[PDB]
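Visitor: Dumping the structure here so I can ask a few things about it.
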Amino acid sequence: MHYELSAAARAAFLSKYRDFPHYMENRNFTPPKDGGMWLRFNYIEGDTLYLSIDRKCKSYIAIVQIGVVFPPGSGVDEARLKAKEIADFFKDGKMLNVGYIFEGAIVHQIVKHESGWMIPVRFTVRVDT
Amino acid sequence: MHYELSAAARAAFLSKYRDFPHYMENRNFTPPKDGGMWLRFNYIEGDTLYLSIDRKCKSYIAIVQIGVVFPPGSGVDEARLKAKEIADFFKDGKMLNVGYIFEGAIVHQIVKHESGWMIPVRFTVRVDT
Amino acid sequence: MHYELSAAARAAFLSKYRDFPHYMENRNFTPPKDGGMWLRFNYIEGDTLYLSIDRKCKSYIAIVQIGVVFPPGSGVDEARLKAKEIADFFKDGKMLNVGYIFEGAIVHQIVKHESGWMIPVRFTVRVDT
Amino acid sequence: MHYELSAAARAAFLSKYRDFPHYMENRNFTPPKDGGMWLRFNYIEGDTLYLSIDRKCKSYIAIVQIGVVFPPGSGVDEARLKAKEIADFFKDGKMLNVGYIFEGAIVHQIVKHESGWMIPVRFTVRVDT
Amino acid sequence: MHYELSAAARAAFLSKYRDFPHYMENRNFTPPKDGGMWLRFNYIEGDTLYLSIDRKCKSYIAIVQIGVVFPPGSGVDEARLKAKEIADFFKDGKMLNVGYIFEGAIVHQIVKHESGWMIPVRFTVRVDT
Amino acid sequence: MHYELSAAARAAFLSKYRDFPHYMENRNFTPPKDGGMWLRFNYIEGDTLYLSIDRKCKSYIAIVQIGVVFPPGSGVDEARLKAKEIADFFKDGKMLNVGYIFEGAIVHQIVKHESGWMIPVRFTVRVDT
Amino acid sequence: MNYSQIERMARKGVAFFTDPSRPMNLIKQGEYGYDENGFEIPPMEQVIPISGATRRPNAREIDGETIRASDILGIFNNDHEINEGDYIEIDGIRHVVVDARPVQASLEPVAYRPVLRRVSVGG
Amino acid sequence: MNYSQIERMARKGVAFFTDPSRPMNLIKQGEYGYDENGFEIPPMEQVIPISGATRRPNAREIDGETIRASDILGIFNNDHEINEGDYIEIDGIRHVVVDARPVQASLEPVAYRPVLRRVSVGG
Amino acid sequence: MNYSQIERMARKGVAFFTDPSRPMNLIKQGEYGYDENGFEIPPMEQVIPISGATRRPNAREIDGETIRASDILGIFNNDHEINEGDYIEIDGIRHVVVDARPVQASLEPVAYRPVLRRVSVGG
Amino acid sequence: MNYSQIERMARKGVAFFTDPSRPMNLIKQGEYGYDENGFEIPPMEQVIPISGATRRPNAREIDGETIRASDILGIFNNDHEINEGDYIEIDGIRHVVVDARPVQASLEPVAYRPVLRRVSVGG
Amino acid sequence: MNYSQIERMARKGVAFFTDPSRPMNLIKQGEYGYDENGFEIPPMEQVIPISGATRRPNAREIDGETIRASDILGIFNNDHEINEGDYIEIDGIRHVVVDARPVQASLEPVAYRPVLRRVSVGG
Amino acid sequence: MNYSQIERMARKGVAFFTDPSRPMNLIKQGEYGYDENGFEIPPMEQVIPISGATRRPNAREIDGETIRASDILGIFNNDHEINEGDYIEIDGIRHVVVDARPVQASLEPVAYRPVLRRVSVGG
C-alpha cells in the first residue's frame with residue numbers, strides 16, 4: 001500500500017507548494033538559474049508489522065523527507081522560516097487521502113557544502129489494513 | 001536441502017513470470033536493448049537450526065530477493081505497481097512444491113544509481129525435517 | 001521554535017562579544033590579518049519531545065557551540081582564560097529572551113592542526129510550549 | 001593438541017576425497033587447466049577452555065572449513081549435490097582417530113565472484129584431556 | 001578550573017624534570033640533535049559533573065599524558081626504567097598545588113614507528129568546588 | 001612493576017630457546033638468510049586493578065605474545081610442533097623470578113601472508129603488591 | 001578568432017571520422033505533470049536522427065553478477081543540442097548522456113563530446 | 001621584468017580568446033549586520049559587467065538523484081578584482097567563485113583564473 | 001576513411017605479430033532453460049579455433065594462499081566476433097573474456113583487444 | 001662545483017623575478033619559559049624585512065563553512081635563514097613556514113623555497 | 001617475426017648486463033603427499049645453477065618493528081623455465097618468485113623477468 | 001661491462017657533486033646480548049667518517065604538534081658499506097638509514113643511495 005501512501009503525500013505537498021520550485025523523484029530537474037531556494041521531496045520506505053496471529057492484519061510505515069536547499073552566502077533565517085512553515089502544515093494526527101500521520105515534522109541539523117546548504121525536514125505516515 | 005527449496009522458488013517465480021525479462025544466477029544475461037524493466041532473482045541462504053536433543057530434527061531457512069530494475073528518468077509509479085503485484089503473489093502461509101513461506105514479501109527502500117534504480121523485494125522460506 | 005531560540009542565543013553572544021572577531025553562520029568571514037584569536041559561533045539543533053498524550057505539549061532542545069581559535073606557536077594559557085570567561089557567562093538556569101539554559105558551558109578537548117587550534121565550548125538551551 | 005586434531009581431520013577428508021582436485025594448506029596448488037570443481041581445505045583454531053579448579057582439565061575446540069568451487073556459467077546443481085555428499089560424511093558424534101565432532105557440517109551462504117563461486121561448509125571438533 | 005589544574009600538573013613535571021629534553025604544548029620544539037630520549041607532555045580535558053540539585057557543586061576531571069620517546073635501534077630497558085621512575089612520582093592521593101590526583105600512573109602499550117618509539121604514561125586529576 | 005616482570009619472562013624464553021633465532025623489541029634484526037623459523041617476542045601491558053578501599057593494594061597484568069614465523073611453501077607441521085613445545089613450557093601456576101603465570105599459553109589462528117605465515121601464542125602474567 | 005572557421009573545421013573532422021552506416025538516434029522527453037490526486041502523467045518522447053563518431057569502449061562489473069554491459073563516449077557536431085539526461089541509441093542499445101561536455105570558447109557549443117552510459121543497468 | 005609588458009600581453013591574449021556575444025556579470029555583496037534583537041539585516045548587491053574566456057566544463061552527481069548541474073573554470077583580465085565568495089553569471093546561471101587563482105608574480109594580480117562552481121546545488 | 005584499408009592494415013599487423021604454433025580456441029555456449037519443476041538443463045558449447053597475439057602477463061594473489069594463476073590480454077582480428085562472457089583457451093588453460101574492447105570507429109569491430117582473466121580461480 | 005657561482009646565479013635569477021613594491025617581512029620569536037608557579041612568560045618577537053618571489057596560490061575549504069583563506073609558496077635568497085615555524089607576512093596577512101626546503105648541495109642553504117600556510121585558520 | 005633472432009638478441013643483452021661472479025641458484029620442489037594416517041611427507045628439492053641480471057632493490061617495513069629485509073627484481077634467459085612458487089637465491093638469501101612475467105609473443109618464453117620477494121619475512 | 005669503469009665514473013661524479021666542508025660520520029653498532037637474569041648489555045658503537053652528496057629535503061608533521069624535523073636522501077660511494085639500520089649524521093643531527101638502495105648490477109654495490117630518516121622523532 002506504499003503506492004497510495006506516496007500518492008497521498010505527493011498530493012498534499014503539491015497542494016500547498018505546487019508553485020514553489022521543487023524536485024520530484026526520477027524526473028530530470030534543473031536548479032534555478034538565478035540561484036535560489038528549491039525543495040527536494042524524498043519518500044523513504046519502512047517496515048510492515050504483522051500485528052496478528054491469523055497473519056491477516058498488517059500495517060505499513062513510511063518516512064517522508066522534505067529538504068530546503070538554499071545558496072551559500074545569503075544567511076540562515078529564511079530557511080528556518082520556510083522550515084517552520086512546512087512543519088506547521090504537517091502536524092500530528094492529520095488524515096490524508098489514505099492513511100494518517102504517525103509522527104509530526106522535526107526540523108533537523110543543517111547539512112553543509114560549498115555549493116549549497118540543506119535543512120532536512122521529515123515526518124511519518126501509517127496505514128492499517 | 002537448500003537445493004530443493006531453491007528449485008521450488010525458481011519454479012514459482014518462473015511459473016508466473018516466465019515471459020518477463022529476468023536474470024537467473026550464474027547465467028550470462030544481457031539487459032534489454034531499448035531499456036526497460038527486468039527482474040533480478042537472487043537466493044540467499046541462512047541458518048540450519050537444531051531443534052532437538054537427538055540431533056535428528058533440523059530445519060532450513062533461506063531468503064529470496066526479487067529486485068525490480070527500471071531506467072532512470074521514467075519515474076517511480078510503475079515500479080511500485082510491479083512490486084505490489086510481486087508481493088501479492090508471495091503471501092504468508094503459501095505451500096510450495098517443497099517447503100513453505102515463513103514470512104511474506106516486504107517492499108524495501110529504493111537503491112539509486114545514475115544508470116538504473118532498483119526496488120528490493122524479499123521473502124523467506126522454511127522446511128522441517 | 002528553533003528560529004526564535006536561535007535568535008535569542010545570537011543576541012546574547014552579540015551583547016557581550018559584539019566587539020570581537022567572530023564568524024556568524026553563512027556569512028563571508030575573513031580571519032584577522034595579523035593573526036589572532038577569533039570566535040566561531042555554531043548552532044546545532046536537536047530533538048523535540050512529545051511530553052503529553054494530547055499531543056499538544058512539546059519542548060525543543062538545541063546545542064550552541066562557541067569555539068576559540070588561536071594561532072599555533074603562541075601557547076595555551078590565554079585560550080583557557082578566554083574559555084573560562086565565556087563559561088562564567090553562560091551559567092545554569094539563565095533567563096534568555098525566550099527559553100533557558102538546560103546545561104551550562106563545558107570546556108572540551110582541544111582540536112589540533114598545523115594552521116590553528118580550537119577549544120570547543122558548548123551549552124544547551126530549552127523552551128517549553 | 002591442535003596438531004593431532006588437524007591430522008585426524010586431514011585423515012578423514014582424504015579418505016573420501018583423495019581423488020577430487022583439492023588444496024592443502026601452505027603447498028603450491030594449481031587450479032585445474034580445464035576449469036572445474038576443486039575443494040579447498042582450511043583448519044581454523046578456536047578456544048581452549050579450563051573446566052576445573054586444579055587447572056588440569058582442559059578441552060580444545062577447532063573449526064574445519066571445506067569449500068567447493070565451481071566455474072562461472074555452469075550453474076548450481078553439482079555444487080549442492082557435492083555439498084550434500086560432504087555433509088553426509090561429517091555427521092554428529094563421529095569418533096575420529098583422536099577426537100570427536102562436537103557439531104556437524106552445515107551448508108553456508110554462497111560467496112560469489114566473477115572468476116569462481118564457492119559454497120562454504122564447516123564443522124567443529126573437540127578433545128577432552 | 002582547568003587553568004589551575006593544568007598549571008599544577010605543569011608545575012610538578014617541571015619541578016622534577018626541568019632538565020630532561022621536554023615538549024610543552026604549542027611551543028616550537030626541536031628533537032635532540034644526537035638522538036635521545038625526550039618527554040612529551042600533553043594535557044587532555046574531560047567532563048565536569050553536576051553533583052547537586054542546587055546546580056552549584058561541580059567537579060572537574062582531566063587526563064595528563066607523559067610520553068617517553070626513544071630512538072629505534074637502542075633497545076627497551078631504559079624506557080621502562082624511566083616509565084617506572086615517572087610512575088613512582090605521580091602516586092595516588094597526592095596533593096598538587098590546586099586539586100589532587102584521583103588515579104595513579106599506569107604504563108601503557110608501546111606505540112611503534114620506524115623513526116621512533118613511544119611509551120605512554122598517563123594519570124588523572126580532580127578538583128572539587 | 002612492568003619492568004621487572006618483563007625481564008623474568010625474557011629470562012625463561014632465553015633459558016630454553018636461546019639457540020633459536022629471535023627478535024627482541026627495539027633492537028634491529030635480520031631474518032635468517034637461508035630462510036627458516038624465527039620467533040617474535042612482544043610484551044603487551046594491561047590494566048591495573050585497585051583491590052582495596054585504602055588505595056594501597058594494586059596488582060599488574062600483562063600479556064606476552066610469542067609468534068612462530070615460517071616460510072610459505074614448506075607446509076604446516078613443524079610450526080604446530082614448535083607451538084606445542086612453546087605451550088608446554090608456559091603452563092599455569094608457574095612462578096617466575098618476580099611473578100607467576102595467571103593463564104597459560106593458547107595457540108591462536110594462523111595469520112597468513114604471501115611472504116610468510118605466523119602462529120600467535122599468548123599467555124598472561126600477574127603480580128600482587 | 002573566427003569561430004565560424006573553427007566550427008567548419010570541427011564539422012569537417014567529425015564528418016571525416018564518422019561511419020554513415022551506423023544508425024544513431026537522439027531521444028528527448030517532453031513535459032511531465034501530476035493530477036489532482038497525486039498520480040503522474042507519462043511524458044511524450046521525440047526521436048531525432050543524428051550521426052557522429054565514438055571512442056573508448058569500457059565495460060561494467062556488478063558485484064560479481066554475470067551481467068554484461070558496456071559504456072562508450074562519442075563526438076558530435078552542433079546540429080542538435082545535446083543536454084544532459086537525454087537518451088542516445090548507438091546501435092539499438094539505449095545510452096543515457098550523463099555528461100555532455102561542449103567545446104567551450106563561445107556562445108554556440110561548436111561541438112559536443114557526450115559521455116554515454118548504458119541504461120537499465122543496476123548499480 | 002617589465003610587468004606592464006606581461007600585463008598587456010595577457011590582456012591581448014584574453015581579448016583574443018574571448019567571445020563578445022557572451023554576457024557575463026560580476027555580483028558583489030555589501031555589508032551585513034544584526035539588529036539589537038538578534039535578527040539580521042540582508043546585504044545589498046552590486047552588478048558589474050565583465051568579459052572573459054572559459055574552459056573545462058565538468059558535471060556533477062548527487063547520490064544518483066536526477067539533478068543536472070555543471071561546473072566551469074574561467075580566465076579574466078585585470079580590470080575588476082575577483083575575490084573568493086563572489087558570484088559570476090556565465091550565461092544566466094549563477095556561479096560562485098570558490099577559488100580565484102591570480103597570476104602571482106607581483107602586487108597587481110595581472111590576471112585571474114577563477115574556479116566557478118554552480119550555486120544552489122545540494123551536496 | 002577507407003575503413004577497409006584500416007581493416008587490412010590491422011589484419012596484416014596482427015598476423016605479423018602472432019606465432020602460428022600457439023594453439024588457441026574460442027568457446028561459445030548455447031541456450032539455457034528451466035524445466036517445469038524448477039531444475040535446469042545444461043547448455044551446449046561450441047569450439048571455434050582462432051589465432052592472435054598476447055600481451056601483459058599479470059599474476060594473482062588470494063589472501064596469502066599458495067594458489068598460482070595469471071591473467072593475459074590479447075589482440076585478435078575481425079574473423080570471429082568475441083562477445084563478453086566467452087571462454088578463450090590460450091594454451092590449455094581456459095580464460096574468460098571479461099571485457100572485449102573493439103576498435104570503435106565503424107559498424108564492424110575492425111579488431112578486438114579482449115581482456116582475458118583466469119577462470120575457476122577464487123576471489 | 002664552484003658553489004659561489006651557483007649562489008650568485010640563483011641570487012640574480014631570484015632578484016630578476018621579484019617585484020620590489022611588494023612589502024614582505026620575516027618574524028622570529030625568542031626564548032620562552034615558565035615561572036615558579038607553572039604559568040608562562042610570553043616570548044619576544046623580531047621583524048626582519050625580506051624580499052622574494054611567490055608561486056602556486058591555493059585555496060582552503062573547512063567543512064563547508066564560509067571561511068576564505070589561501071596558501072602560497074615562495075622563493076628566497078640566502079640572506080636571512082628561514083627555519084621552520086617562523087612567520088612571513090606576504091602583504092599584511094601572516095603565513096607560517098610549515099616547511100622551508102633549501103637547495104641542498106652544500107653547507108650554506110644557497111636558496112630557500114619555503115612552503116607558506118595561512119595562519120589562524122581553522123582545521 | 002624471426003623469434004629466433006629476438007631470442008638470440010635477448011640472450012646477448014642479458015649476457016652483456018650480467019655479472020659472472022655473482023652466484024645464483026634455482027631451487028625447485030618435487031611431489032608432496034599424505035600417508036594413510038593423515039600425516040604429510042616432505043617433498044624433495046633440486047638445485048639448478050643459473051645466471052642473470054637484477055634491478056630495483058626495495059626495502060620492507062613491518063608495523064614499525066626493527067626487521068630488515070629487501071626485495072629485488074631480476075632478468076633471465078630461456079634456459080631453465082621459472083614457474084611461480086620456486087625459490088631463487090641471489091647471493092645466499094633465498095627469494096621466492098611470486099610472479100615470473102615472460103616475454104609474451106610466442107610459445108617459448110623467450111625471456112623471464114621474475115619478481116623476487118624475500119622469504120621467511122612476516123607480512 | 002667494465003664495471004670498474006662504471007665504478008670510477010660514479011666515484012668521480014659523486015666527488016664532483018659533494019661539498020668537502022660538510023662533516024658527515026657513519027655510526028655502526030656492535031654485538032648485543034643478555035645476561036642470565038634477563039637484563040641486557042648495551043652494545044658498543046664505532047664512528048667512521050664519510051662524505052657524499054644529499055638531495056630532497058622533506059619535512060614531517062605529527063598530529064598537529066609543533067615538532068620540527070626533516071628527512072633527506074643521500075648519495076655515497078662504495079668505500080664503506082652502508083647496511084640498513086645504521087646511523088648517519090648529516091651535520092650533527094642523527095639520521096637512521098631505513099633503506100640503502102645500492103646500484104644493482106654486480107657483486108660490489110658500486111654506489112649507495114641511502115634513504116635517511118630523522119631519529120628520535122615520535123610516530
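The way I read the labels, and the way they are meant: chains A, B, ... in the order of the C-alpha cells, residue 1 as the first residue of every chain, and ligand 1 as the first ligand shown, with later ones counted on from there.
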Using only C-alpha atoms, which protein or nucleic acid residues come within 9 Å of residue 80 of chain C? Drop anything in the same chain fewer than 5 positions from it, and give the result as a PyMOL selection string.
Guide: (chain C and resi 85+107+119) or (chain E and resi 2-3)
Visitor: Near chain G, which residues of chain D fall within 7 Å when you count only C-alpha atoms, and what do they look like as a count of residues only?
Guide: 3
Visitor: Which residues, written as a list in words, have at least one atom at most 8 Å from residue 41 of chain E, with only C-alpha atoms counted and residues fewer than 4 positions away on the same chain left out?
Guide: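 Listing them by chain and then by number gives residues 22, 23, 24, 25, 64, 65, 66 and 67 of chain E.
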Visitor: For the selection just defined, write its residues with C-alpha atoms to a file, as an mmCIF file, in the first residue's frame.
Guide:
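File produced: out.cif:
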```
data_model
loop_
_atom_site.group_PDB
_atom_site.id
_atom_site.type_symbol
_atom_site.label_atom_id
_atom_site.label_comp_id
_atom_site.auth_asym_id
_atom_site.auth_seq_id
_atom_site.Cartn_x
_atom_site.Cartn_y
_atom_site.Cartn_z
ATOM 1 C CA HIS E 22 60.825 18.025 27.013
ATOM 2 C CA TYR E 23 57.972 19.309 24.845
ATOM 3 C CA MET E 24 55.363 21.778 26.094
ATOM 4 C CA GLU E 25 52.144 22.442 24.218
ATOM 5 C CA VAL E 64 47.602 14.068 31.827
ATOM 6 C CA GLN E 65 49.754 12.064 29.383
ATOM 7 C CA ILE E 66 53.549 11.954 29.643
ATOM 8 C CA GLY E 67 55.137 10.043 26.783
#
```
Visitor: Could you give me, as a PyMOL selection string, each residue of segment 9-86 of chain H that DSSP assigns to strand (DSSP E) when run on this structure's backbone?
Guide: chain H and resi 24-29+33-34+40-41+45-50+52-59+70-76
Visitor: At a cut-off of 9 Å, list the chain D residues touching chain B, using only C-alpha atoms, as a ChimeraX atom specification.
Guide: /D:72-77,80-81,84,92,106-110
Visitor: With C-alpha atoms retained, write the just-selected residues as a short mmCIF file (atom, residue, chain, number, x, y, z; two decimals), in the first residue's frame.
Guide:
```cif
data_model
loop_
_atom_site.label_atom_id
_atom_site.label_comp_id
_atom_site.auth_asym_id
_atom_site.auth_seq_id
_atom_site.Cartn_x
_atom_site.Cartn_y
_atom_site.Cartn_z
CA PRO D 72 31.10 -19.12 -13.54
CA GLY D 73 28.47 -20.13 -16.08
CA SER D 74 27.94 -23.82 -15.35
CA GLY D 75 25.06 -23.40 -12.92
CA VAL D 76 24.26 -24.70 -9.47
CA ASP D 77 23.23 -28.33 -9.17
CA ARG D 80 24.78 -28.61 -3.93
CA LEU D 81 24.94 -32.37 -4.52
CA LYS D 84 25.28 -32.89 0.48
CA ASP D 92 27.42 -35.67 14.60
CA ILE D 106 26.06 -27.17 7.80
CA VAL D 107 25.93 -25.64 4.33
CA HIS D 108 26.54 -21.89 4.46
CA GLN D 109 25.74 -18.95 2.18
CA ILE D 110 27.16 -18.72 -1.33
#
```
